[PDB]
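Student:
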Amino acid sequence: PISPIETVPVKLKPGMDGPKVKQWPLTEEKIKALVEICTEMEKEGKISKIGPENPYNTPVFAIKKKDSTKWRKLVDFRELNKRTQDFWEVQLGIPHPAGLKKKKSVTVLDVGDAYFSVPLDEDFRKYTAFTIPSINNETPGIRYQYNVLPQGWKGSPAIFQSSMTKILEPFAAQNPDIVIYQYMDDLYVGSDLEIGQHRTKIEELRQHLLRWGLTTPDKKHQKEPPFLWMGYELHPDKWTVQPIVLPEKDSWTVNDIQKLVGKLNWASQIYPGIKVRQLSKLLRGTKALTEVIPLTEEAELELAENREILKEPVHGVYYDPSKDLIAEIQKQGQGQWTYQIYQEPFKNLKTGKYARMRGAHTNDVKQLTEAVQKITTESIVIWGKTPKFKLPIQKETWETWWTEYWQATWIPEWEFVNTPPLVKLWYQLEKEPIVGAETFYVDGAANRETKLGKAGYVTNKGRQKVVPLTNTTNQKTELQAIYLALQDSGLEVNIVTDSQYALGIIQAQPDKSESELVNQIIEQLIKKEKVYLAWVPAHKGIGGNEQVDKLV
Amino acid sequence: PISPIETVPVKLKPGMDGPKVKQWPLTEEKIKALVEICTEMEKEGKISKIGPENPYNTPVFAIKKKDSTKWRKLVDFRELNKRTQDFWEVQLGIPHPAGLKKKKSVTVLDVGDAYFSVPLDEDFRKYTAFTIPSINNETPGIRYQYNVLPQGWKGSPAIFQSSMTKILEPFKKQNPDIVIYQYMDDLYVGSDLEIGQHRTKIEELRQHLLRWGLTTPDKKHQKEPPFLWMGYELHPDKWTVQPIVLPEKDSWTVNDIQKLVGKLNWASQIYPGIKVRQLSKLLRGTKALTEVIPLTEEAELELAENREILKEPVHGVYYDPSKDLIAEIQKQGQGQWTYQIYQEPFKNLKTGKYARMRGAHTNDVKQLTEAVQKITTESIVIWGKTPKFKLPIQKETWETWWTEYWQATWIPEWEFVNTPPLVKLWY
Ligand SMILES: Cc1cc(C)c(Nc2nc(Nc3ccc(C#N)cc3)nc(OCCCN3CCOCC3)n2)c(C)c1
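Protein sequence lines, in the order shown, are assigned to chains A and B. Each residue of the first sequence is one higher than the one before, counting from 1 in PDB author numbering. Each residue of the second sequence is one higher than the one before, counting from 1 in PDB author numbering.
1) Tell me which same chain residues have a C-beta within less than 7 angstroms of the C-beta of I202(A), skipping the five on either side of it?
2) Anything in the stretch 310-332 of chain B with a Cβ closer than 7 angstroms to a Cβ of chain A? List those residues in chain order, please.
3) At a cut-off of 7 angstroms, would you count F227(A) as near ligand 1, judging by its Cβ distance to the nearest heavy atom?
4) Determine whether the beta carbon atoms of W337(B) and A299(B) lie at a separation below 8 angstroms.
5) Which of the three DSSP states is assigned to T362(A) in this structure?
6) Of the choices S280(A), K275(A) and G316(A), whose alpha-carbon is the least far from that of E302(A)?
7) Could you pull out every residue in the same chain whose Cβ sits closer than 6 angstroms to the Cβ of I37(A), ignoring the five residues on either side in sequence?
8) Give the residues from the stretch 355-382 of chain B that approach chain A closer than 8 angstroms (Cβ to any Cβ), ordered along the chain.
9) Under the rule that 16 or more other beta-carbon atoms within 10 Å means buried, what is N545(A), buried or exposed?
10) Pull the bridge partners of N494(A) from the DSSP assignment, please.
11) By DSSP, does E291(A) sit in helix, in strand, or in coil?
12) Given the structure, does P140(A) come close to ligand 1, in the sense that its CB is under 7 angstroms from one of the ligand's heavy atoms?
13) Any idea what DSSP makes of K350(B), helix, strand or coil?
14) Does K540(A) have its Cβ less than 8 angstroms from a Cβ in chain B?
15) Counting only C-beta atoms, is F87(A) closer than 8 angstroms to chain B at any point?
16) Below 8 angstroms between beta carbons is the criterion; list the residues of the stretch 135-158 of chain B that meet it against any residue of chain A, in chain order.
17) To be precise: take each residue of the stretch 45-65 of chain B, compare its Cβ to all Cβ atoms of chain A, and keep it if any distance is under 9 angstroms. Which residues remain?
18) What does DSSP give as the partner residues of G453(A) in its beta bridges?
19) Please indicate yes or no: does the CB of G359(B) lie closer than 7 angstroms to some heavy atom of ligand 2?
20) At a cut-off of 7 angstroms, is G93(A) close to ligand 1 when judged by its beta-carbon and the heavy atoms of the ligand?
21) Comparing alpha-carbon positions, which option in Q85(B), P140(B), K70(B) and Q373(B) lies nearest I94(A)?
22) Give, in chain order, every residue of the stretch 396-421 of chain B whose Cβ lies closer than 7 angstroms to some Cβ of chain A.
23) Please list the partners that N494(A) has in chain B, where partner means a Cβ-to-Cβ separation under 7 angstroms.
24) Please classify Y405(B): is it buried, with 16 or more other beta-carbons within 10 angstroms of its beta-carbon, or exposed?
25) For a test of the three-state rule: what should DSSP assign to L484(A), helix, strand or coil?
26) Under 7 angstroms from any heavy atom of ligand 1, does the C-beta of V381(B) make it?
27) Give me the DSSP bridge partner(s) of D186(A).
28) Just to confirm, is the Cβ distance from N460(A) to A304(B) under 8 angstroms?
29) Which residues in the same chain have their Cβ closer than 6 angstroms to the Cβ of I63(B), if we skip the five residues on either side of it in sequence?
30) Compare the C-beta of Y483(A) with all C-beta atoms of chain B and state if any pair is closer than 8 angstroms.
31) Using only the heavy atoms of ligand 1, determine whether one of them is closer than 7 angstroms to the beta carbon of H235(B).
32) For the putative contact between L12(B) and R83(B), defined by C-beta atoms under 8 angstroms, what is the C-beta separation to the nearest angstrom?
33) I want to check one thing, is the minimum distance from the CB of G141(B) to the heavy atoms of ligand 1 below 7 angstroms?
34) Unbroken alpha helix (DSSP H) runs of length 4 or more, entirely within the stretch 263-324 of chain B: which are they?
35) Could you please give me the residues that DSSP links to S48(B) through a beta bridge?
36) Check whether the Cβ of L234(A) sits closer than 7 angstroms to any heavy atom of ligand 1, and report yes or no.
Set out below in C-alpha cells:
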C-alpha cells in the first residue's frame with residue numbers, strides 16, 4: 001500500500017535536534033497489543049526496526065474505543081512537531097458551494113491509508129524513531145522508525161497534497177473534461193460526460209491511484225448524494241445548509257449564546273433576513289463561559305424572528321458563468337443589513353449580512369458603502385468577479401454624499417431599486433451662514449470630578465439661557481448646548497460653538513446613533529429649514545464664549 | 001545568457017525568517033494573465049515550481065503597464081525588502097545624488113528587464129516564493145520561486161549596480177552634466193537642457209543602453225500615435241514647500257473674520273511669530289454672523305504682517321536620514337487633492353497639490369492612486385526613498401482597487417486614516 005513517489009526533502013529548525021523524550025510508566029498487557037500492530041506495519045513497509053543507536057525516541061500510546069474489534073495505536077508527535085520546519089500552509093478555507101458549477105454527474109473518493117501511502121524523506125526518518133520498552137531492568141526494547149508520513153506529524157498534510165497533486169497530473173492531462181477537487185484525504189471528481197463514460201472514467205482514475213499505492217473504494221458511502229460535506233448539503237441541482245436547530249432554554253450560559261450566534265451566522269448564507277444584533281450584544285462583556293446571562297426583551301424577539309425564518313427550508317442554486325452576477329442589498333433599520341446574490345429572479349446563489357459594530361456615531365450611506373465593499377470582496381473570492389449591484393439609493397443622494405465625504409469612496413455599476421426603506425440624507429447643514437437668522441453663541445462646560453456642568457447660549461438678539469446639568473461630562477454639555485440652541489430657535493439658525501468634538505459629531509451628518517442626546521439633536525436638524533454651524537477657537541475667542549463658560 | 005560570476009551570496013538580518021504574506025484574492029481575468037506570464041517565465045528559466053517545503057510567500061498582482069492589451073506582473077516585495085534590503089541598503093547601498101532634484105527636467109526610464117539575465121543565490125531563492133491563487137479555493141495555488149534577480153526586489157539593482165555603472169560610464173563621459181540615478185527598476189535622468197534636446201539626449205541613452213543588451217519598453221513609438229502625453233517627465237525645479245494663502249476679500253463679514261485665518265491659531269504651530277489678538281478685538285459684540293464688520297487700523301496691521309509672514313518659509317526644517325518620511329493627503333473635492341510630506345508634525349519638508357480635471361471622467365480611487373504615485377516619485381527624486389502614506393480611504397476598498405490604476409513598479413508603505421479634520425480649506 002505504498003508507492004515509488006518522490007519524497008519531499010525535509011529539514012529541522014536550523015539549530016534544533018531530534019526529540020529525545022521518553023515514557024517510563026507502561027500500560028501492562030497493552031504492550032503486545034502494540035507489537036501486533038508494529039510487525040503488521042513493518043511487513044507493509046510502513047515502519048522499520050532499528051537498534052538504539054543515535055536515537056531520538058518519541059512517546060508511544062495505545063487506545064481502544066467502544067467495542068473495538070480492531071485496536072488502534074498512535075504516537076504523540078508534539079515535541080517533534082515543535083522541532084520540524086514550517087511548510088506551505090494547507091488549504092485555508094473551503095470552496096463555497098454557491099460558486100461551484102453544476103454537472104451531469106459527480107463522484108467522491110476516500111483515499112485509504114492516505115498518509116501511510118506516501119513515503120517519508122530518508123535522511124529525516126531518524127527523528128521519527130520510537131520505543132517499545134519491555135518489562136524491567138531496561139531490557140532491550142523494540143525500536144522502530146517511520147518510512148512513510150507519520151499520522152500526527154506536522155508535515156504529513158502538506159506533503160500528502162503535494163504528492164496527490166503530482167500523482168493526478170498524468171491523469172488530469174489525459175482528461176481535460178474531468179475536473180478534480182482535492183481536499184484532505186478526500187477527492188471530488190465531476191464531469192459533463194454521459195453517465196456511462198463517467199463511471200468508466202472514475203474507474204480509470206481509481207486504477208491509476210491504486211497503482212500508486214492509493215487505495216480507493218468501489219462502494220463505500222453510508223449515504224449517497226446529497227453529500228453531507230462541510231455543514232452543507234449538496235444536491236445535484238441545488239445546495240443548502242446541513243440542518244441546524246436553535247435549542248430552547250430557560251437559562252442561557254455564555255457558551256450557549258456563543259454557540260447560538262454561530263449556528264445563526266452559518267444559516268445566514270442562504271436564509272434571508274437573519275439577525276444577530278441583540279443576540280451578539282449580550283456577548284460584549286464581561287466574557288466568562290459558565291456565566292449565566294439574562295436574555296433581554298429585544299434579544300428574544302430577534303431569536304423569535306430567526307426561528308420564524310428557519311422554520312421552512314431554503315436552498316441555493318449553483319453558478320452559471322454565462323449569466324450575469326447580481327447582488328441586491330436591503331436595509332434592516334437597527335444598523336444591520338442583508339444582501340442576496342443571484343443570476344436568476346426566484347433563486348439565490350447565496351445570501352448574507354453586514355455586522356456594523358464600528359463606532360458610536362454612524363451613517364446610512366456610509367454603511368451601505370461598507371456593504372458594497374464586503375460583498376465585492378466576497379464576490380471576488382467565490383466567483384472571481386464583481387457583481388452588478390441593485391441598491392436602495394437614488395443617484396442624487398449617492399452623488400451628493402461621495403462629493404461631500406472626506407474619504408475616497410468607489411462603487412461599481414449599480415442601479416436604483418425603488419423598494420423601501422430608502423437611503424436618504426435626512427438633513428444638510430448650510431455651507432454659508434444665514435442672513436436674517438438668529439446667531440446662537442453656545443458653549444457647554446463641566447467638572448470631571450463633581451460631574452456637574454452647564455449648557456447655555458447667548459444670542460445676537462440679546463437672548464440668553466443657562467441650564468444646570470447632572471450626570472454629565474464636557475462632551476455631553478458641549479452637545480447639550482447645541483441641542484438647547486436648536487430647541488429655542490426658529491426654522492433657520494446660525495450656531496457658533498467652541499468645540500471641535502461637537503462640530504465633529506454634527507458635521508459627520510449621522511442619521512442614527514447610540515446616544516439618545518445625539519438622536520434628539522438629529523430630530524431637530526431634520527425639523528429645521530436651514531442650519532449653519534460655525535467653529536471658533538475655544539480659549540481665545542470672540543467674547544461671547546466665556547459668558548457661559550466662566551459659570552463653571 | 002551565459003551564467004556570469006557565481007551567484008552573489010545573500011544573507012538577511014540576524015534571526016529574520018523569510019516573508020510569510022497571504023495572497024490577496026484576484027479577479028479571474030488577472031489570474032489568467034498571471035498564469036500566462038508565469039508559464040512564459042518558467043519556460044525561460046526565470047522561475048521554477050516549488051514544493052510544500054518552501055513555507056514562504058510574497059503577494060502577486062496583475063496590473064497593466066501599457067494598459068493597452070497585455071498585462072504585467074507586479075510582485076509586492078515590501079516585506080522581503082524590510083527583511084533583506086535593510087542590510088543591502090547598508091552592504092550594497094546606492095548613493096543618492098542631492099543634485100537630481102535641482103535639474104530642469106528629469107526623465108524616468110524603466111530598466112527592470114536588466115536583472116532577468118543574472119542568476120540569484122541558490123540558498124536565497126526560497127524566500128522569493130509567490131502564489132498564483134485559485135478562485136473559490138478549488139486548487140491549492142500555483143507556486144513559483146525565482147531563479148534570477150526579481151523585479152521589485154531592492155536587492156536586485158544592488159547586485160546589478162557594478163554592471164550598471166559600467167554600462168553607463170561611456171555615456172557619462174560624453175555627457176558629464178547629466179545626473180543619472182538608479183532607484184530600483186528605474187533610472188532617473190535629469191538634464192538642464194531645453195526640452196527638445198533633453199528628449200534627444202534621452203534617446204541617445206536609450207540606444208546606448210540597448211547596444212549593450214538592455215531594452216527599455218516604456219518608449220513605444222514617438223512617430224505616429226493618437227493624442228497621448230508621455231508617461232513620465234518631471235520638472236523638480238517647481239517642487240517646493242508652498243505657502244498658505246489667506247482670503248482676499250473686498251469686504252469682511254463676522255463669519256469671514258471668524259473663519260480666520262486659513263489655519264491661523266493652528267498656523268501658530270507652524271509659524272510661531274503670529275499675533276491674532278488685535279483682529280479678535282474686531283467683534284466682541286455678539287454680532288450676527290452675516291453682519292459686515294469694517295477694518296480698523298490695528299486690524300489691518302495684524303493681517304498684512306500676518307500675510308507676508310506666511311510667504312517666508314519655516315526655519316529649522318531639515319531632512320533627517322534616520323527618520324522615515326510621512327505623507328498625508330487630503331481630499332478637496334472638484335478633482336483636487338492636497339498633500340504634505342513630513343517627518344515630525346508641523347515641520348513640512350514638502351507640500352503640494354495634485355489636480356486631475358473638472359471631473360465626470362475620473363473617480364476618487366483613481367485620483368488617490370495617481371496622487372500616491374505622483375508623490376512617491378517626488379520622494380524618490382528628492383530624498384532617495386519613499387514615504388509611508390496616511391490615506392483618506394477605507395482599508396478594504398483600497399486593498400481591492402489600488403492595483404487598478406497602478407502604473408508604477410515599486411510600492412510604498414500604506415496606512416489608513418479614520419478621523420477627518422477641520423483642516424480641509426486650512427490648506
Ligand atoms: C462534497 C463535495 C463533492 C464534490 C463531488 C465536489 N465537487 C464538485 N461539485 C460540483 N457540483 C455538484 C455537486 C454535487 C452534485 C450532486 N449530487 C452535483 C453537482 N461541481 C464540481 O465541478 C465543477 C467544475 C467547474 N470548473 C471547470 C474548470 O474550471 C474550473 C472549475 N465539482 C465538491 C466541491 C464537494
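Note that beta-carbon positions come from the ideal geometry of N, C-alpha and C, so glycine has one too.
Tutor: The relevant details are as follows:
1) Within the first sequence, the letter at position 202 stands for residue 202(A). Answer for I202(A): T107 and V189, listed in chain order.
2) Listed by position along the chain: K331.
3) Locating residue 227(A) in the first sequence gives position 227, where the first residue counts as 1. For ligand 1, at least one heavy atom lies less than 7 angstroms from the Cβ of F227(A).
4) Within the second sequence, the letter at position 337 stands for residue 337(B). Within the second sequence, the letter at position 299 stands for residue 299(B). Going by C-beta atoms, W337(B) is not nearer than 8 angstroms to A299(B).
5) Along the first sequence, read from residue 1 onward, the residue named residue 362(A) stands at position 362. Strand, per DSSP.
6) One-based indexing of the first sequence puts residue 302(A) at position 302. Cα-wise, what sits closest to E302(A) is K275(A).
7) By 1-based counting over the first sequence, the position of residue 37(A) is 37. Excluding sequence neighbours, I37(A) sits near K73.
8) Per Cβ criterion, the list reads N363, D364, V365, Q367 and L368.
9) Taking the first residue of the first sequence as position 1, residue 545(A) is located at position 545. Its Cβ being crowded by 16 or more others within 10 Å, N545(A) is buried.
10) Here residue 494(A) is taken as the residue at index 494 of the first sequence, counted from 1. According to DSSP, which records beta bridges pairwise, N494(A) is partnered with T439(A) and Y532(A).
11) Stepping through the first sequence from its first residue, residue 291(A) is reached at position 291. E291(A): coil per DSSP, three-state reduction.
12) If you number the first sequence from 1, residue 140(A) lands on position 140. The beta carbon of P140(A) sits no closer than 7 angstroms to any heavy atom of ligand 1.
13) Along the second sequence, one-based indexing puts residue 350(B) at 350. Looking at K350(B) - three-state DSSP - the assignment turns out to be strand.
14) Translated into the one-based positions of the first sequence, residue 540(A) becomes position 540. True, the Cβ-Cβ gap to chain B drops below 8 angstroms.
15) The residue you call residue 87(A) lines up with position 87 of the first sequence. Closer than 8 angstroms to some Cβ of chain B, the Cβ of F87(A) qualifies, so yes.
16) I135, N136, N137, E138, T139, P140 and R143
17) Of all residues in the stretch 45-65 of chain B, those with a C-beta nearer than 9 angstroms to a C-beta of chain A are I50, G51, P52, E53, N54, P55, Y56 and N57, reading in chain order.
18) As a position in the first sequence, residue 453(A) is number 453, starting the count at 1. Looking at the DSSP assignment, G453(A) forms a beta bridge with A446(A) and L469(A).
19) With respect to small molecules bound, the structure shown includes ligand 1 and not ligand 2.
20) On the first sequence, residue 93(A) is found 93 positions in, with the first residue counted as 1. Result no, Cβ not under 7 angstroms from ligand 1.
21) In the first sequence, the residue the question calls residue 94(A) occupies position 94. Here the closest residue by C-alpha is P140(B).
22) Cβ contacts with chain A come from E396, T397, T400, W401 and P420.
23) If you number the first sequence from 1, residue 494(A) lands on position 494. Residues of chain B passing the Cβ test: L289.
24) The residue labelled residue 405(B) in the question sits at position 405 within the second sequence. Its Cβ being crowded by 16 or more others within 10 Å, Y405(B) is buried.
25) Counting from one through the first sequence, the residue named residue 484(A) turns up at place 484. Looking at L484(A) - three-state DSSP - the assignment turns out to be helix.
26) Reading the second sequence from its first residue, position 381 is the one you call residue 381(B). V381(B) Cβ: outside cutoff for every heavy atom of ligand 1.
27) The residue labelled residue 186(A) in the question sits at position 186 within the first sequence. Paired residues: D110(A) and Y183(A).
28) As a first step, residue 460(A) is located in the first sequence; it is residue number 460 there, counting from the start. As a first step, residue 304(B) is located in the second sequence; it is residue number 304 there, counting from the start. The answer is no: Cβ separation not under 8 angstroms.
29) In the second sequence, residue 63(B) corresponds to position 63, counting from 1. Taken in chain order, the residues that qualify are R72, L74, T403 and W406.
30) The residue you call residue 483(A) lines up with position 483 of the first sequence. Not an interface residue.
31) One-based indexing of the second sequence puts residue 235(B) at position 235. Incorrect: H235(B) has no Cβ contact closer than 7 angstroms to ligand 1.
32) For this step, residue 12(B) is matched to residue 12 along the second sequence. For this step, residue 83(B) is matched to residue 83 along the second sequence. That belief holds up - the Cβ atoms of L12(B) and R83(B) are roughly 6 angstroms apart, short of 8 angstroms.
33) On the second sequence, residue 141(B) is found 141 positions in, with the first residue counted as 1. Flag unset: Cβ of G141(B) not near ligand 1.
34) Listed in chain order, the complete alpha helix (DSSP H) runs (minimum 4 residues) inside the stretch 263-324 of chain B are 297-300.
35) Counting from 1 along the second sequence, the entry for residue 48(B) is found at position 48. Answer by DSSP bridge pairing, in chain order: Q145(B).
36) Here residue 234(A) corresponds to residue number 234 of the first sequence, with the count starting at 1. Because some heavy atom of ligand 1 lies under 7 angstroms away, the Cβ of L234(A) counts as near it: yes.
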